[PDB]
Every structure is written in C-alpha cells, then in structure tokens.
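# Structural overview for review
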Amino acid sequence: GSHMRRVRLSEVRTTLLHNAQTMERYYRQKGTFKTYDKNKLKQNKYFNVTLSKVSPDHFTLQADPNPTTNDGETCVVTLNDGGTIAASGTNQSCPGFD
C-alpha cells in the first residue's frame, strides 16, 4: 500500500465536500444549479475537480487524478448532491473508499 495515496485520497474527499457545501448554499440562494459558474470550483494539487453532471436540482462533482503531480493514481472520485461519495480505479483499489 501507499501512505501517499491514502493521504491524497483523504484530502480530495475534503475538497469535494467543500465544493458540495458551496453548491448547497448556492442552491438555497438561487433555487437551481443551472446558473452556477463552473469556474468557481475549488481544486486540489493532485486531482482536477469538475462538474460531470449539472441539472436544475442535482449535480455530480468528479475528481480526476492529475498526472503531473499524481501519476500512477487512477482512482476517480465522485460526489453528488445527495451525499453519495464513491471512487473507482483501474485495477487499483481506492483506499478510504473501499
């Protein structure tokens, strides 16, 4: 196993949760996710965070590993507005998500 993968995967959990909280506040202010400026997502040194799905009442955030700083990591981590967090890799377990 790898201490560094465990740390980095734990940290991207936090990055995703912070982004989800920001969007939960935006929804209470605006009543939709459709107008949210995707440029405002908080990033991580080791994972690129995007909105893979956006609809009026739901979203999915996705963290894809950054190969410049995190080469060898294949786990992609997702978090939706219902609070479901999940990770899957390419023949690679995702510590903290398995």
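The rules behind these values
The residue numbering used throughout counts from 1 along each chain in the order its sequence is written. It may not match the entry numbering, and residues with no coordinates are not shown. Side-chain figures throughout are based on the complete set of non-hydrogen atoms in the structure, without hydrogens or water. Here, a salt bridge means any side-chain nitrogen of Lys or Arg that lies within 4 Å of a carboxyl oxygen of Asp or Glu. Counting from the N terminus, the helices are DSSP H or I runs at least four residues long and the strands are E runs at least two residues long. Only protein chains enter the accessibility calculation, which uses a 1.4 Å probe; a residue is then buried when its area is under 20% of its type maximum, exposed when over 50%, and partly exposed in between. Think of it this way: a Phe, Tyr or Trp ring, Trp meaning its six-membered ring, pairs with another when their centres are within 6.5 Å, and the plane angle makes it stacked under 30 degrees, edge-to-face over 60, tilted otherwise. Residues count as neighbours in contact if any of their non-hydrogen atoms are within 4.5 Å of one another. Here a polar contact means two N or O atoms within 3.5 Å. Within protein one must be a hydrogen donor candidate and the other an acceptor candidate, and residues neighboring in sequence count only if both atoms are side-chain atoms. Between any two strands, pairing holds if DSSP finds at least two bridges. For helices, the axis comes from a line fit to the C-alpha atoms of the stretch in contact; other axes are also lines fit to C-alpha atoms, and the angle between any two N-to-C directions lies between 0 and 180 degrees.

The deposited coordinates for this entry were obtained by X-ray crystallography, with a reported resolution of 1.407 Å.

## Here we look at the pattern of salt bridges
The tally for this structure, following the rule as stated, stands at one salt bridge. Across the pair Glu-73 and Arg-5 runs a salt bridge, and its minimum N-O distance is 2.9 Å. In this pair, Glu-73 sits in the loop between β2 (59–65) and β3 (76–80) while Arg-5 sits in helix α1 (residues 3–30), placing the two residues 68 residues apart along the sequence. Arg-5 sits in the buried class, given a relative accessible area of 19%.

## Description of the packing of aromatic side chains
This model, assessed by the stated rule, comprises three aromatic pairs. On the basis of an interplanar angle of 35° and a centroid distance of 4.8 Å, the ring pair of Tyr-27 and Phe-33 is categorised as tilted. Classification of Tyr-27 by relative accessible area gives partly exposed; the value is 28%. We classify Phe-33 as buried; its relative accessible area is 5%. On the basis of an interplanar angle of 90° and a centroid distance of 5.0 Å, the ring pair of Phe-33 and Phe-59 is categorised as edge-to-face. Taken together, the positions of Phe-33 in the loop between α1 and β1 (47–54) and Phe-59 in strand β2 put the pair 26 residues apart, joining distant regions of the chain. We classify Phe-59 as buried; its relative accessible area is 1%. Taken together, the aromatic side chains of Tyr-27, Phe-33 and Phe-59 make up a single cluster linked through ring pairs.

## Details of the environment of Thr-32
Mapped onto the elements, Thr-32 comes out in the loop between α1 and β1. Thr-32 gets classed as buried once you look at its relative accessible area, which sits at 17%. A C-alpha to C-alpha distance of 14 Å links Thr-32 and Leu-51, two positions 19 residues apart in sequence. Contacts of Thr-32, omitting those with residues within four sequence positions, involve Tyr-26, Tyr-27 and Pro-56. Within the structure, the side chain of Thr-32 is placed 2.9 Å from the backbone nitrogen of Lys-34, a separation counted as a polar contact.

## Notes on the sheet that holds β3
Strand pairing within a sheet occurs via backbone hydrogen bonds; the two strands may be parallel or antiparallel. Strand order in this open sheet of four strands is β1-β2-β3-β4, and the pairing throughout is antiparallel. Only two strands of the sheet have a single partner each, and these edge strands are β1 and β4 (85–88). Each neighbouring strand pair of the sheet contributes to a mean axis angle of 20°, computed without reference to strand direction. In this sheet, β4 lies alongside β3 in antiparallel orientation, the contact comprising four bridges. Opposite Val-76, over in β4, you have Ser-88 as the bridge partner.

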